[PDB]
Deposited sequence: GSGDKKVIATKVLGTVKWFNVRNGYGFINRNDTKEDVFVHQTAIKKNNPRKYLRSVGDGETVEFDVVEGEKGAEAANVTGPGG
């Protein structure tokens, strides 16, 4: 996998804690990026984000598609 962007801001569309993934909409391109629970930095759902939350992340591209990495609060 390769890093294709860093310090991207986005808004969480939805995140399902049962299945452990969701999608973030990038504020710069308006495209959704997949986010898995393991990509979220520790905040008891130790790795989760909330629907509607603004987050900052890197985008990396394995060939299942573009996915978020190192997901944190803005700044």
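Visitor: Counting from 1 along the deposited sequence, give me every gap where there's no C-alpha, start to finish.
Guide: Going by the record, the segments left unmodelled (no C-alpha atoms) fall at 1-4, 48-50, 83.
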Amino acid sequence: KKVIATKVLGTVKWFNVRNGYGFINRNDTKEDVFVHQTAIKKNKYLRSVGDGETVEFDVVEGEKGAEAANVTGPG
From here on, numbers count along this sequence of modelled residues.
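C-alpha atoms forming the largest set that superposes within 1.5 Å between two forms make up the rigid core.
Visitor: Stretch 56-64 versus stretch 13-21: after rigid core alignment, which one is farther off in C-alpha RMS in 6 other deposited structures of this protein?
Guide: The answer is 56-64, which departs more from the shown form in 6 other deposited structures of this protein.
Visitor: Answer yes if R26 is missing coordinates in at least a third of the other compared entries, and no if every one of them models it.
Guide: No, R26 has coordinates in all the other entries compared.
Visitor: Check this for me: in at least a third of the other entries compared, is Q37 absent while its neighbours are modelled?
Guide: Counting only entries that model residues on both sides, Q37 is resolved in every one of them.
Visitor: 50-58 versus 63-71: which one carries the higher mean Cα B factor per the record?
Guide: Taking the mean C-alpha B-factor of 63-71 and of 50-58, the larger value falls to 63-71.
Visitor: Please rank the C-alpha B-factors of the chain's modelled residues and tell me whether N16 sits in the lowest, middle or highest third.
Guide: For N16, whose C-alpha B-factor we compare with every modelled residue in the chain, the answer is the middle third.
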